[PDB]
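Heads up: the protein sequence lines correspond to chains A, B, C, D, E and F, in order.
Count along the first sequence from 1, then add 426; that gives the number in UniProt numbering.
Count along the second sequence from 1, then add 207; that gives the number in UniProt numbering.
Read in order, the letters of the third sequence correspond to residues 26 to 86, 92 to 121, 126 to 298 in UniProt numbering.
Count along the fourth sequence from 1, then add 36; that gives the number in UniProt numbering.
Count along the fifth sequence from 1, then add 368; that gives the number in UniProt numbering.
Count along the sixth sequence from 1, then add 1; that gives the number in UniProt numbering.
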Amino acid sequence: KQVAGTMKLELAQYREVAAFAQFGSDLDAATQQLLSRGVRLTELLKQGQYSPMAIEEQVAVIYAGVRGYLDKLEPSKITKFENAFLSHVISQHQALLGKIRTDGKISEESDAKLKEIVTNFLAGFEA
Amino acid sequence: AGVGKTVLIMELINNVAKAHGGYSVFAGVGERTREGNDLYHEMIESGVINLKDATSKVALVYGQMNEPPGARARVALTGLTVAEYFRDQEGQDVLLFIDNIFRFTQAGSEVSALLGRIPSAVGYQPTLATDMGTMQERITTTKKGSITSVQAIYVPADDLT
Amino acid sequence: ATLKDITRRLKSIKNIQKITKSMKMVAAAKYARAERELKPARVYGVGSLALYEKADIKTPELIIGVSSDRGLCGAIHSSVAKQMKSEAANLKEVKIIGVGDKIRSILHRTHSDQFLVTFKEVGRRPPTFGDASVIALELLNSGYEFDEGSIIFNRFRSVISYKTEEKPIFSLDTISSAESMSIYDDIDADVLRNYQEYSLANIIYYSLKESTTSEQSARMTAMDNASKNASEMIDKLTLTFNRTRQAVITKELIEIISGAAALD
Amino acid sequence: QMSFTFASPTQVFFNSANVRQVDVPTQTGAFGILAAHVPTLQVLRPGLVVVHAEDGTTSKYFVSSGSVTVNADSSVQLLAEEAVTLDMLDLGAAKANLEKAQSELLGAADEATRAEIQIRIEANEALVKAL
Amino acid sequence: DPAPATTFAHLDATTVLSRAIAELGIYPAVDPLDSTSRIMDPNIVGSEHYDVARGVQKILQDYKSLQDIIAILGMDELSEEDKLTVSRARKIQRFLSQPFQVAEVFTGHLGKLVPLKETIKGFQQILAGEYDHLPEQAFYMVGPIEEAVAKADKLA
Amino acid sequence: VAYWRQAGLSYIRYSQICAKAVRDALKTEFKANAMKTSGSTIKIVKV
């Protein structure tokens, strides 16, 4: 709920305006941004077939974008991230992932740990 | 769907049932049974359905999808008949919540066809208008009350003519 | 006929509607800018004429048109087109100049090497003074200069409207020569002449911009029109649609039933 | 008592403003135009525009060039090319540009180039003037 | 509709009244690009007569073609010749119109009646575009093109 | 015209070198804007 509600919502907003993604390539920034964010969110919607998932991953990855961190990284490279980052957190912050999974929500901490994680990891991924 | 819709309805039920001394008939017409269970729960929840009085604001008739077409079709008159009781007889200001009359329409419609009877064009009941009529004319302010119908209407095919 | 065909229409017509509207705000932005930015210019270009209607011009003999650069330009381009092929011969010689590549896109279509060069980027990002100076410069070396011109642009009035305006050239130093013009002077026809220069840019800029101002708002206008128009049209189809749509069903049920009114 | 229209493409600085004088680096020579001034066009040097506004002001500018248009009547139209307040002009550059200029001059073979270079020098210099 | 669908076959003359046109209030309200005579075919009828028609028939038809484009697009990125035809067509359109002689009760107007020459010429004249500065609608509800010319004129 | 018709240059050219030099000069934020306002952005494209 904490990431997704907003995301849906964000996608709506993106989407009317995804209409004029094409042209409406020339407007105000907010909206240009919305497209950018949107696009970012889109990458997430590109997802594998041959591909199941845990919630924590799902939110993880969403978290990144919805926390706008993807809005730094470029759309194709989101994808690169997505695997990589995911596998990364999977490796390292497996600790954390256990926790998020467990906690079923996102804890503030988890969030914080995430926040930082993503950002660094991201910093590394987008490094 | 439940834009506080459901709620709104409940509120209406609330206002009227009170305000005119009214009472209501709810026909969960083709109710999606689970959703009617759910529905229950809101009402209960809301207390508008009082378990503390089966003299809640609303009489519930639920006529779910799993019932025959006929059954789904007919629950509407059943309810309708009730509202005439409450109207005239209880003197009350009945609300007839028809939910959805469209789901009725469908329920009837299936019947007309299925009777092999030609229903009007596109399957529309032959008698679609009289079906409606026969039902509809049983709604009014008589003198001993009024049954004001609150008709949930799903605009079939978003098509109106 | 078939709901399909109808969709070929509809589909795209919706698309258009949106798009047309897309073009609209865009145009509006362009426009928005176009007013605002018009201000110093306003003064400035108005400035150019200052002594050019107080300085009175025996035009001694660079006809140029200013319009859009784009499809969806309304009659921005057409107006000047009209009014500039009508001209071209007198000021002597058929030489025409298009600033605005929609100028010469209608008067491209009726002259071409009577132009010397023609300019774009007028639209598709909006003009600047520099540019006006650049063209101002080129105008000179082209000896059409000294055969006089008129400078025709879309003088904005309001978003919807401009009045294609025209002036006659004053970048000739043979206007800077003599005439009663001289008697308004206490300065030689050099630094005057080097104003004929300087002013060519000023005005050219101005006009250039005026045109584009006219244009951009008209470009919205075009975009209004269309997207409404599109809407109406959609509406109509939408009836016809359902009708046939339903019709089918009826007919179909018919065909079945009447097929059930036939042997099997 | 001059309606001073001081404008540049970018700006109108004074617009028919009751300026008492503008002291003019019109290509001419130093001239302080007050009020109405004879129909004459005199073209402007790069200089400063000092806008003796009829009130003690002198507004400062450096002007790149342009024309003064002196319209018979009360009105002066300084149509200054790039006439900028000295504020936004760049001293560091003026010298630097001038050195650089001096480098350029040498390659400003052909008077038209030179013209530009000497101009540049003049410019940079002129920037050195007040900056 | 099959019934009419059939009918055409039977028809020496198929007379299609255009409701569309009719709606424009126009009388003659015909859909003449639907109304035919097989003897509409050059030779037979004097092919000039016909040809004069062929230019028109064309002109209007092309003009008809434009109508989707125009319907949205109106005018200003199209082409000039067409702009002329448009106007001309617009006259032609009007020129077919003729009020009702009998049904002055209906028309108010007196209707008109036109023999061949003014007809052949009439439109042909429009083909010559002799009117292209003459008020376009003025061809409306006329018989002779002359009178139509007149109808433009009183105006200017 | 010391060279603004006497070593070429127009008032246009002369001036334009001035402005250009002003742009050459000026502080940079302003110089960004240079290419915008009054920065020649003619595209000399016949059509």
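We treat Cβ as the ideally placed atom computed from N, Cα and C, and that holds for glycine.
In this structure, the alpha-carbon of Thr-349/B lies about 26 Å from that of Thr-312/B. Between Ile-31/C and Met-267/C, the C-beta gap is not smaller than 9 Å, which leaves the two residues out of contact. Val-46/F sits close to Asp-135/C, with the two beta carbons spaced by under 9 Å. Shown here, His-107/C sits in a helix according to DSSP, grouped into three states.
When DSSP states are grouped into helix, strand and coil, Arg-158/C belongs to the coil group. Runs of the beta strand (DSSP E) lying entirely within the region 228 to 282 of chain B and spanning at least 3 residues, in chain order: 230 to 236 and 265 to 270. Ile-185/C is not a Cβ neighbour of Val-51/C, given a cutoff of 9 Å. Shown here, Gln-63/D sits in coil according to DSSP, grouped into three states, outside any helix or strand. Within the region 302 to 318 of chain B, no residue has its Cβ closer than 9 Å to any Cβ of chain C. As the crow flies, the alpha-carbon of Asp-126/D is around 7 Å from that of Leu-167/D.
Taking a Cβ-Cβ cut-off of 7 Å, the neighbours of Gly-104/C in chain E comprise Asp-444, given in sequence order.
In the structure shown, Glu-117/D falls within a coil segment according to DSSP collapsed to helix, strand and coil. For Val-128/C, there is no enclosing beta strand (DSSP E), as DSSP marks it with neither H nor E.
Within its own chain, no residue has a Cβ closer than 6 Å to the Cβ of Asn-120/C once the five positions on either side in sequence are excluded. Counting other Cβ atoms within 10 Å of its Cβ, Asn-236/C reaches 16 or more and is therefore classed as buried.
Excluding the 5 residues flanking it on each side, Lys-459/E has same chain C-beta neighbours closer than 7 Å at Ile-494, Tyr-499, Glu-504 and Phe-507, in chain order. For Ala-108/D against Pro-75/D, the beta-carbon gap comes to about 4 Å, under 8 Å, which counts as contact. A residue is called buried once 16 or more other Cβ atoms fall within 10 Å of its Cβ, and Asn-411/E, having fewer, is exposed.
For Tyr-196/C, the uninterrupted beta strand (DSSP E) run begins and ends at 195 to 202, by DSSP. When secondary structure is reduced to three states using DSSP, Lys-451/E falls in the helix class. Membership of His-417/E in the alpha helix (DSSP H) is indicated by the continuous run 415 to 433. In this structure, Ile-394/E places its C-beta atom within 9 Å of the C-beta atom of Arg-462/E.
Residues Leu-234, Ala-235 and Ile-238 of the same chain have their beta carbon placed closer than 6 Å to that of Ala-170/C, with the five preceding and five following residues left out of the count. DSSP places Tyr-69/C in no beta strand (DSSP E) but in the uninterrupted alpha helix (DSSP H) bounded by 28 to 74. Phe-507/A and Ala-447/A have their C-alpha atoms spaced approximately 23 Å apart. The beta-carbon separation of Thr-247/C and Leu-76/C, rounded to 24 Å, does not stay under the 8 Å limit for a contact. Closer than 9 Å to the CB of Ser-101/D there is at least one CB belonging to chain F. For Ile-238/C, the enclosing alpha helix (DSSP H) starts and ends at 232 to 291.
For the region 449 to 463 of chain A, the residues whose beta carbon sits under 8 Å from a beta carbon of chain C are, in order, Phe-449, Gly-450, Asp-452 and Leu-453.
Counting along the chain, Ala-53/D sits inside the beta strand (DSSP E) bounded by residues 48 to 55. Rounded to the nearest angstrom, the Cβ distance from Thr-162/C to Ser-39/F is 5 Å, consistent with a contact under 8 Å. The beta carbon of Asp-295/B sits closer than 6 Å to those of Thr-349, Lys-351 and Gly-352, all from its chain and outside the five residues before and after it, given in chain order. Rounded to whole angstroms, the separation of the alpha carbons of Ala-72/D and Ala-144/D is 41 Å.
Contact annotation, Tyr-56/C with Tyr-240/C: C-beta distance approximately 17 Å; criterion of less than 8 Å not satisfied. With its beta carbon less than 9 Å from one in chain F, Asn-160/D belongs to the interface. Three or more beta-carbon pairs separated by less than 8 Å are not found between the region 479 to 489 of chain E and the region 428 to 445 of chain E, which leaves the two stretches without contact.
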